[PDB]
Every structure is written in C-alpha cells, then in structure tokens.
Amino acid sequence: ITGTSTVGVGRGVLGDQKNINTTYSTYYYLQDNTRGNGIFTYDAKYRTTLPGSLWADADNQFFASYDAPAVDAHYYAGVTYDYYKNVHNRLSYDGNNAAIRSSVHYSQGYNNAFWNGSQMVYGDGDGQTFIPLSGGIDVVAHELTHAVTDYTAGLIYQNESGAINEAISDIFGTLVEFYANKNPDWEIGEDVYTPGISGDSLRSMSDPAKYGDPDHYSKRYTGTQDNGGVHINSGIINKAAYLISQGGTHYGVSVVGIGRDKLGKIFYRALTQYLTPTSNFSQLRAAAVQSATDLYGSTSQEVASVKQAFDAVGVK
C-alpha cells in the first residue's frame, strides 16, 4: 500500500522484542519500504490460499501471540535481505530488489515453511514438532535462499541437484544466522524444532549423521522418497561446507578451515556463476574449486581446503 514509512515494535516467536519497519495508511501494515521494492508480510488466516491479507495492525504494536510469526517473518526477511546486500552485493533474491513477500499462519498445524516460487510461506507448526517456523532465522534465510537459488543456478528440486539446492539454503541460512549473531550454530531449525526437547534440531551441518542423514557420499540415499532425498543427501554437502569453514578430520581426511566469510564467498560465487539446474555433487565440487580459484588463486589454501572437504565427504 501507499503510505508513510514508520517503525513498529513487536515480539517474535521466541518472545524477543524487536523493531520492524512498517507503513502507515489508516492501518499500520507489515510493509517495509526501506529494503528494495519492499518486504511485505501477509496473514494467511490458517487457510492455504495465498498470500492472504497484507498484515494490518491498528496501533503499530505487535505483541499479540497471533502477531509473533509475522513479526519474525518480517524482521528476518529484512535481515536476510541485508545479508545478501551487504555481504554479496545482491539486491533481493532476483538481484533487482524484487519485493519479498511472506505469508504466516498458513494452514493449521503445518510443520513446514517453504518458498513457493513467488513468496515465502510459514506454518505455525503443531506446537510439538514445531512452533511457528518463522521464528528461526536459519529457516527464514533457508527459504529466502531458495529464491536466490531459483533465480540464479535454478537447481531442480530432485536428486543431487535438489540436495545441492537444499544444502545451499542450509549453508546460507546458517551464514545469515551467524551474520545476525543470534546464537549461531551449524544446526538447522533448532530455534523452532521440538520445543519440548532442548539441544536438538532438524538437521545438523556439523554432524548430519546425528539425525541419520548421510555425511559421506557412500551413504547417500538412492531411493525416491523426498524427491530423491533432497533434504537427506544435503547432509553430504552441509558437512563439506562445515569442513571448509571450520576444518576438521572426517573419515580420515583432514581439512584446514578457511572460515565462514570465505565459505560464503566461494559458495555464492559457485551458485551465481557456475551451477546450473542439473548440477550434481561432482559439479558442485568443480564449481566450488573454480570459485575458490577465481577468488584466491589456484595454489591458495582456500582451494586446497575446498578440495580436502569434498574429498572428506567422498565427492570426487
């Protein structure tokens, strides 16, 4: 809507207070005019029809329990926008400041979040497996990164290419979590997963096998569930990314870590310059090697550590 930009305040899913950019026109809308062509957050009102209604609030204060998922979806969309702008010089997910739209309160008891090709969609969870998914910055950044991927490499959501797609979203979801310095870790979804159980998460990049996901190519899933294991076999790439960043010895192969910043620069370059819709793990290796070569030189430590990491997870 057309109106005057302002700043509201609310509480997110985890009970934390934050300021959010809003727009005033009779109501205060969750419409952030300060980032690209806008960040818009919608109420899906527990239905599956999208996007729903642009979130309208009478007083610019968002402390109602119903408000919490919208505050975080709106806020963390902004953070993710900031990350891509400031770190990678990318304007929104299409590189041309496309409006970012999110809908919360999608369906009833819905334990997922997704980028549907036009917008982000967040369920509220069933209260036991998940709480509202937008409360996880790595979730929001995971989904918004699918938008980046779909606009750039275009990795299809099947088989190894889909696992790369999912891994990229976990990687950048984690890099955004670190960028926001909000209890950062190499776990995915810990903030909104199983409120009854502390210390777990949906996926682990540091040790994917913690939750039965593969951490070596020899353990990759070859069946047809999950579009050929796109959320399963991502663990192989997540581990490699984790090793590039943090280093370590994995199945007897030692990796000198080069840090998060360089991991992000390498994978962003691989994503936007070298990967294609049907890239597989081996091509991801080549793309990451070439990106590190581009940025740091063929004889650099960075290239060596990328090689070592993929060697460690069995991706030749």
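Numbers for residues come from their place in the sequence shown, where the first is 1.
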With respect to the recorded C-alpha B factors, which stretch has the higher mean value, 203-211 or 70-78?
203-211
Select between 131-139 and 175-183 the stretch whose C-alpha atoms have the higher average B-factor in the entry.
175-183
Most elevated Cα B-factor in the entry, residues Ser198, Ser102, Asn238, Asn165
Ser198
Just say lowest, middle or highest third for the CA B-factor of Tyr110 relative to the other modelled residues in its chain.
lowest
Going by the entry, which third of its chain does the Cα temperature factor of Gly12 land in?
middle
What third of the chain does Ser279 rank in for C-alpha temperature factor, lowest, middle or highest?
lowest
Rank-wise, by C-alpha B-factor, drop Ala287 into the lowest, middle or highest third of its chain.
middle
Relative to the other modelled residues of the same chain, rank the CA B-factor of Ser161 and answer lowest, middle or highest third.
lowest
